[PDB]
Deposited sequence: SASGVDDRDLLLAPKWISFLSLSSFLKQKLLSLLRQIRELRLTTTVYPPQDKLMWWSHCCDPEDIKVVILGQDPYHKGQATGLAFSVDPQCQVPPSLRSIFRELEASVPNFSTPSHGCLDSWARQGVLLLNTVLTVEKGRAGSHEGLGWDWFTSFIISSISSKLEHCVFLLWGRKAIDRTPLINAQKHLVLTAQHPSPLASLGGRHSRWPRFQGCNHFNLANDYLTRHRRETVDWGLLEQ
C-alpha cells in the first residue's frame, strides 16, 4: 500500500511511479530504517517527505534545490527550513541576507520556518533526503532526479534555483526551453572558502528571488511573497 511510500497522496498520483520504482523506494526506506538501529539519521522517517505535504505538485511556482539536510539535529524535511523554536543556521542566515539586500519590503524574521513559502508554491528539495549525524552520497539520487524530470515535463513556466555543485549537476534534467534555470554557489559560509576561484556565481548578489518573480510576472503567474513569514 502507497501508505508506506511516505509521499503525500497528490504527489503519489502526480509522479505516477511504476511498481518497480515503488519497490526501489520501499527498499531504500527499509535500508534507512535498518541504519537507524546503528547510527543516527536526519531527518526522522516521518519528516522525510515533509516537502510533499506542504507543496501541491500542480501549484509549484519555484523549485529551490539544495545539497542535503542539516546535520546538527535541525533538519525538518523541507530544505533549509528549521522549527520556529530552533536557531536559524548559517545557510539560512545567508538566504535572509540576500533577501534583505534584494527584495524591497523584506525584513529578516526571528524564526526560520519556510512552511509559508511551500504553501505559496515553493518546493524546497535537496539532492539527497537524509544525512548521517555530524554524508549520504546511499541512493536518493534517482528519486530527486525523478522529481525534477517530472516537474520539468508535466508543469510549464517554473523557476529552478540550483544552489551548490551537487544541485548544479541536475541542470540537464530541466527543459531550459520551458522553464528558467538559475545557478549559484551554496548559501553556506564554507562555499565562500572552497570556490573562491570558482567560475560559478557567488550566492551573495545572485538576486535569484527577484529574478524568479520577474519570470512568473512575465508568464502571467502569481508571484512568491518571500517576506510572508512569522513576525
Original post:
How would you list, in order, the spans of the deposited sequence that the model does not cover?
Top reply: 1-5, 140-142, 146
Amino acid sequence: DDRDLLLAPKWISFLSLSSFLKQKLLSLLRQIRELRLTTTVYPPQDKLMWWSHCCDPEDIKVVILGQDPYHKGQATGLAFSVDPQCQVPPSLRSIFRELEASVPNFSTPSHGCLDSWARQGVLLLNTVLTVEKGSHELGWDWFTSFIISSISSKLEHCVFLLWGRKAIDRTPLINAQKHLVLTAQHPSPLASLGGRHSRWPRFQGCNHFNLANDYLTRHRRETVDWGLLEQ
From here on, numbers count along this sequence of modelled residues.
Subject >> Unmodelled in at least a third of other entries of this protein, residue 196 >> reply: yes
**OP:** Averaging only over Cα atoms, indicate whether 26-34 or 195-203 has the higher B-factor in the PDB entry.
**Re:** 26-34
Original post:
Quick one: higher average CA temperature factor, 159-167 or 66-74?
Top reply: 66-74
Original post:
Taking the Cα B-factors listed in the entry, which of 81, 94, 127, 85 comes out highest?
Top reply: 85
Subject >> Per the PDB entry, maximal CA B factor within 54, 180, 173, 184 >> reply: 54
**OP:** Pull the Cα B-factor of residue 137 out of the PDB entry and bin it into the chain's lowest, middle or highest third.
**Re:** highest
**OP:** Using the B-factor values recorded in the entry, state whether the Cα atom of residue 145 falls in the lowest, middle or highest third among the modelled residues of its chain.
**Re:** lowest
Original post:
Sorting the chain's CA B-factors, does residue 44 end up in the lowest, middle or highest third?
Top reply: highest
Original post:
Hey, what third does residue 20 fall into on Cα B-factor, ranked over its chain?
Top reply: highest
